[PDB]
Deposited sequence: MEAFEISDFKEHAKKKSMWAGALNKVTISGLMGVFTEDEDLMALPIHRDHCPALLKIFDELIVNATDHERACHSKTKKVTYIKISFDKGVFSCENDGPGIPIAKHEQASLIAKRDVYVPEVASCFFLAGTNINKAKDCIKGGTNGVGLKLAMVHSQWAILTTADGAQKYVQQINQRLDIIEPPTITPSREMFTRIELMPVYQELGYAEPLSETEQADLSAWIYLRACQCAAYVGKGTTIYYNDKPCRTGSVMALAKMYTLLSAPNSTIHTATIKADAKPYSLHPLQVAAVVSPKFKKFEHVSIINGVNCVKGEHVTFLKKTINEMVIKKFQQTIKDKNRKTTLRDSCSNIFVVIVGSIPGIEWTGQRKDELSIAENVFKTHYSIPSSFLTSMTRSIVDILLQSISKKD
């Protein structure tokens, strides 16, 4: 028919490329935390874009944590809330600067302050020009805008130690209210919003099962955050601390139902050269005959990554050992009883899309730079070969 020209807002309300499907679909490997913390599958369809806007706020807070972990004022908390359908994320550390943005003001022909650029201008942020070694997850300058475009109402609040800035952003970014600016001694950034649940396939208000599923998924996402952030940061979900600060605790949570009292093989995968040497990768793995296929949970640069060559590196290395030790005794066969958690930062990665589901890298990065400790390989191989010798 006709050739139409869209704007960002209308395009994002219609197109799955930005955040995933805009209706409920079957999400492979969808999990949530249920309370002992136990991660369990959610066998109901859910809207990927809805889960992504929660993710975009959580990764923004994790990014600020990494950015500040060496400065005077660090991020000491990330507080995530979900109640009556309202989602919020708050972190301390330096606020978004409360200042006029000259370029944005000229574009919009009115006064625009920096926090309005951060929340309302597509393709805008502090990572548009991104260093080659940056390990923040943010890159595109769209994540916070997508959260606004999928919100019936939203409130951005930020304080910089001298002033507080409050701005309402309503009706899927159609209405940007002028901000309120007052003196303040607080220092934080808070986003609070109500998603357009009904447009994304949910009930108005959330049904009992929808509410329980979403709360479980957010709780697990906060727990994944807690394993990734630095030592001086606490993550809260509905004011309870998420006490899963290690890959070991995450591995336990995922295997508590299926392999209780399991042995957890641990490793720190290290590199000798900067920038890789700044960024150890923490690994915890469980080997059980009860597991039916290889599975991993990877939190890389604060993002839940479902595919990447970092996984392949580990699998290929274990497989090599398993084949040798199996042959002396007598890839799918060698790894199908493994569950592994990998958490850490990797400099210089790219992605396959806005959702950051798959990281993109040369496999030689791991061959050249990283080393998997022999004690971990030996102990994993012993456990895997025993399972294999049973079947025989």
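No C-alpha positions are given for the deposited-sequence stretches 1, 37-39, 335-342, 405-408.
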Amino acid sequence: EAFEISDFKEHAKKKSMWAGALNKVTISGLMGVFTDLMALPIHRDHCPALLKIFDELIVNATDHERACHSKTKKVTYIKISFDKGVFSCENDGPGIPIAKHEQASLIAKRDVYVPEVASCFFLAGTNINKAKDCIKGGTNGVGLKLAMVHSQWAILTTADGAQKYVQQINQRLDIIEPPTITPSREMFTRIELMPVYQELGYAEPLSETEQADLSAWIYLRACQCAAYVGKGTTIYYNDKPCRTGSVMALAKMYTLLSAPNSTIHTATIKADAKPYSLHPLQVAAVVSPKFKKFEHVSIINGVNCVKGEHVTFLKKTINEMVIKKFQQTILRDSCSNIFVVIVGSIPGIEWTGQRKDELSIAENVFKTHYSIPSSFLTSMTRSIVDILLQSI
From here on, numbers count along this sequence of modelled residues.
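Taking the PDB entry as given, 380-388 carries the higher mean Cα B factor of the two stretches 380-388 and 365-373. For the two regions 143-151 and 124-132, the entry's Cα B-factors average higher over 124-132.
Of the candidates 195, 302, 138, 179, the one whose C-alpha carries the top B factor in the deposited record is 179.
Per the deposited coordinates, the residue with the largest Cα temperature factor out of 205, 97, 201, 275 is 97. Among the modelled residues of its chain, residue 264 has a C-alpha B-factor that falls in the middle third according to the deposited record. Ranked by C-alpha B-factor against the other modelled residues of its chain, residue 309 falls in the lowest third. When the modelled residues of the chain are ordered by their C-alpha B factor, residue 338 lands in the middle third.
Per-chain ranking of the deposited C-alpha B factor places residue 248 in the middle third.
When the CA B factors of the chain's modelled residues are split into thirds, the value for residue 315 lands in the middle one.
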